[PDB]
Amino acid sequence: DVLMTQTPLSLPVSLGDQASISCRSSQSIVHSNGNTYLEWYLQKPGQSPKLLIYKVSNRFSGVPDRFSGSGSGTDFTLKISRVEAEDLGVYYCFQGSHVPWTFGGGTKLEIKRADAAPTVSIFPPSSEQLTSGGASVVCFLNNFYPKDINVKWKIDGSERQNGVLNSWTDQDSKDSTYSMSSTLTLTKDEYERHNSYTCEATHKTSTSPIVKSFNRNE
Amino acid sequence: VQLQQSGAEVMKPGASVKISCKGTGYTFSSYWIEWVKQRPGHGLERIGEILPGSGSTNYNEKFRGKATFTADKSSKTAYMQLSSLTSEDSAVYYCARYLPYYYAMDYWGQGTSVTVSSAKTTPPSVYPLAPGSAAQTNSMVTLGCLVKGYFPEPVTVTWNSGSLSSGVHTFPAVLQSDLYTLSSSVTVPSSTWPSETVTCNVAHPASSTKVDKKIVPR
Ligand SMILES: *[C@@H]1O[C@H](CO)[C@@H](O[C@@H]2O[C@H](CO)[C@@H](O[C@@H]3O[C@H](CO)[C@@H](O)[C@H](O)[C@@H]3O)[C@H](O)[C@H]2NC(C)=O)[C@H](O)[C@H]1NC(C)=O
């Protein structure tokens, strides 16, 4: 199967800027009839893909003219003249010249803007969690940018990694930020024995890692 | 034209699921039907194609033996049979029209999500969380509502009739070991939280479960 490699894996660009996406083929995908069958698709979040460009020189109907395509036997690129909010999504290249036909890796598109510092928070378990027989330790990092984020679970001077949940949120729209919520499930026998818990995070905005902690013993 | 796909499916490991793509408004027998897989992680993977008019089918090397394509001409429907399943097969499956070397893949199905998991349907267990006692109180403070031990998706979390929507961050559900969870943190004025009532609502259409647990200061 012809392998199609797409770069860059991500592309942050502020509104109105030029966007360039390149797709490369493991083999030449030219066809005898003078056309090369390469197509570009856009999949906005929570929706099925859409057709933007086919036969790169050509272009689908009902699509803004800012999109354009070019390439040769094994190298192709797609250009967006002016970026807009509606243009956010994942872009795939599709080759329709050699059976079987394969998609590209995908090039997620973000919008870059004035970065913001993270706002960390920590919520210890609640009464219901105590009664059930567990302990839900959650540290919230809301409205931070960019993805240069790493959170370390330090507790009473000891770093614990087992049971550490990693799940962030896609880029927002009103804030265009990212959020991180990592959780550490604890049991009653283990929850009380520890005295102090800390939520350790690092970011490019502040070289010195931030610290946030609380003590169970009170 | 319109391509209609079957509904969502949940299957135990080792079973087989058959999903359908029904096309209308065009010559069904004269167009190839392309089956595409999208794992939650990333990427679009083409499983293969079938031409309903003949019985011709193609498969990608990765999916050979895993999938089997069949088509019914009397009813404008095409099927994909997935062989012995695993957790890896959990993804959203798409069907799309296609005519090679000519106008290409301008219509897609809505997608059909398949979930492979040994779990059974479970009702949500929402445990609202409040700021820890060993923490400073300032004007800006986050809130917390945790839903865990529920299955299957989706579960919608919202405040009291959208009492305060903007400023929330609902993180994607993740499996601790066998069941999904969810974290949703929102920010409200410190002077208004003890005065105004804020609560998180939980809905589980699959389990027909609705919960409303208010959060009070620790
Ligand atoms: C099978 O053979 C036919 C007959 O030669 C091929 O049809 C020809 O295809 C070319 C390429 O698409 C057409 O030229 C193009 O026409 C469009 C529209 O006028 C123009 O915008 C392009 O710049 C290009 O000049 C040509 O008109 C067309 N000929 C006829 C009589 O329809 C066909 O491409 C071949 N298919 C395969 C898969 O080999």
Side-chain angles (χ1 to χ4, degrees), chain A residues 116-144 151 169 172 174-175 177-186 188 191-192 194-199 201 210-218, chain B residues 124-150 155-171 181-203 209-218:
Chain A
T119 79
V120 65
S121 307
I122 190 74
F123 270 22
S126 62
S127 50
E128 291 83 3
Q129 186 64 225
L130 301 170
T131 53
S132 292
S136 50
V137 183
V138 296
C139 189
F140 287 103
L141 304 90
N142 294 114
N143 301 283
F144 80 91
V151 171
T169 298
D172 291 330
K174 67 186 188 289
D175 289 330
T177 55
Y178 301 97
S179 294
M180 186 66 204
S181 65
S182 64
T183 300
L184 190 55
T185 307
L186 280 75
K188 307 319 301 158
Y191 173 63
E192 280 299 347
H194 287 282
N195 172 30
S196 178
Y197 299 140
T198 306
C199 174
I210 194 164
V211 186
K212 184 62 67 69
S213 183
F214 73 108
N215 305 332
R216 178 70 275 172
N217 282 117
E218 191 67 27
Chain B
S125 60
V126 64
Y127 300 144
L129 263 66
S133 66
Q136 53 264 15
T137 314
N138 45 294
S139 76
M140 294 299 291
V141 68
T142 57
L143 272 294
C145 182
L146 269 60
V147 189
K148 71 185 286 297
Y150 75 90
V155 292
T156 302
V157 298
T158 299
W159 274 243
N160 304 336
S161 59
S163 59
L164 188 152
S165 295
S166 62
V168 69
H169 277 115
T170 60
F171 300 79
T181 187
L182 189 147
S183 300
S184 180
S185 72
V186 74
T187 56
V188 303
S190 173
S191 60
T192 302
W193 174 52
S195 88
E196 182 65 26
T197 286
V198 300
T199 299
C200 61
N201 306 108
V202 173
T209 306
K210 197 268 185 178
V211 185
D212 210 312
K213 297 197 189 182
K214 178 169 161 177
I215 189 72
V216 306
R218 185 181 288 280

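We use all heavy atoms of the structure for the numbers below, so side chains are in, but hydrogens, waters and symmetry mates are not. Letters go in sequence order (proteins before strands), and every chain restarts at 1.
- Of all the heavy atoms in B/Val216 and B/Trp193, the pair that sits closest is C-CZ2, 4.1 Å.
- For the atom pair OG1 (A/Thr185) and NZ (B/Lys148), the distance works out to 6.5 Å, reported to the nearest 0.5 Å.
- Contact of the A/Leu141 side chain with the A/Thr119 side chain is not registered, since no non-hydrogen atoms from C-beta on lie closer than 4.5 Å.
- Between the side chains of B/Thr158 and B/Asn201, not a single donor N or O lies within less than 3.5 Å of an accepting N or O.
- A 4.5 Å side-chain heavy-atom check between A/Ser179 and B/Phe171 finds at least one atom pair inside the cut-off.
- Looking at heavy atoms from C-beta onward, A/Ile122 lies in side-chain contact with A/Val137 at the 4.5 angstrom threshold.
- In terms of heavy atoms, B/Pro128 sits closest to B/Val126 at CD-O, 3.6 Å.
- Residues passing the ring pair (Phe, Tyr, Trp, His ring centres under 6.0 Å) test with A/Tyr197 are A/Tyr191, A/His194, A/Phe214, sequence neighbours excluded.
- In this pair, A/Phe140 and A/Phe123 present their aromatic rings perpendicular. The plane angle is above 60°, beyond the 30 to 60° band.
- Annotation: the span from B/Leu129 atom CG to B/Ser184 atom OG amounts to 12.0 Å, rounded to 0.5 Å.
- Between B/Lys214 and B/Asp212 there is no salt bridge, since none of the side-chain N atoms of the basic residue sits less than 4.0 Å from a carboxylate O of the acidic one.
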Please report, to 0.1 Å, the donor-acceptor pairs under 3.5 Å made by any side chain of residues 137-145 of chain B, with sequence neighbours excluded.
| residue | atom | partner | partner atom | Å |
| --- | --- | --- | --- | --- |
| B/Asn138 | ND2 | B/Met140 | O | 2.6 |
| B/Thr142 | OG1 | A/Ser121 | OG | 3.3 |

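- Every residue two or more places apart in sequence or in another chain was checked for a ring pair (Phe, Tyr, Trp, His ring centres under 6.0 Å) with B/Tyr127, and none qualifies.
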Checklist entry - Are A/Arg216 and A/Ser196 close enough, and set up right, to give a side chain to side chain contact (heavy atoms under 4.5 Å, CB included), and what steps lead you there? => result CA-CA 6 Å; A/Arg216 178 70 275 172; A/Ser196 178; over 6 Å; no

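- Smallest separation of non-hydrogen atoms from A/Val120 and A/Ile210: CG1-CD1, 4.1 Å.
- In this structure, a donor-acceptor pair under 3.5 Å is absent between the side chains of A/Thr198 and A/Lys212.
- The two residues B/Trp159 and B/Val198 come nearest to each other via the heavy atoms CD1-CB, 4.4 Å.
- Separating the CG atom in B/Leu146 from the CD atom in A/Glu128 is a distance of 11.5 Å, to the nearest 0.5 Å.
- Among all heavy-atom pairs drawn from A/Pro124 and B/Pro131, the shortest one is CD-C, 4.2 Å.
- A search for side-chain hydrogen bond (donor to acceptor under 3.5 Å, both in side chains) contacts involving B/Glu196 returns nothing, not counting sequence neighbours.
- Considering OG of B/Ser125 and CD of A/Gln129, their distance stands at 8.5 Å, rounded to 0.5 Å.
- At a threshold of 4.5 Å between non-hydrogen side-chain atoms, the residues B/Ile215 and B/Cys200 do not count as touching.
- Heavy-atom minimum distance, A/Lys188 versus A/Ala135: NZ-CB, 4.1 Å.
- Legend: residues meeting side-chain hydrogen bond (donor to acceptor under 3.5 Å, both in side chains) with B/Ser185, ordered by chain and number and at least two apart, are A/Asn142.
- In this structure a side-chain-to-backbone donor-acceptor pair under 3.5 Å is present from B/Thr181 to B/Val147.
- For A/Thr177, the side-chain hydrogen bond (donor to acceptor under 3.5 Å, both in side chains) test picks out A/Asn143, A/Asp172, with sequence neighbours left out.
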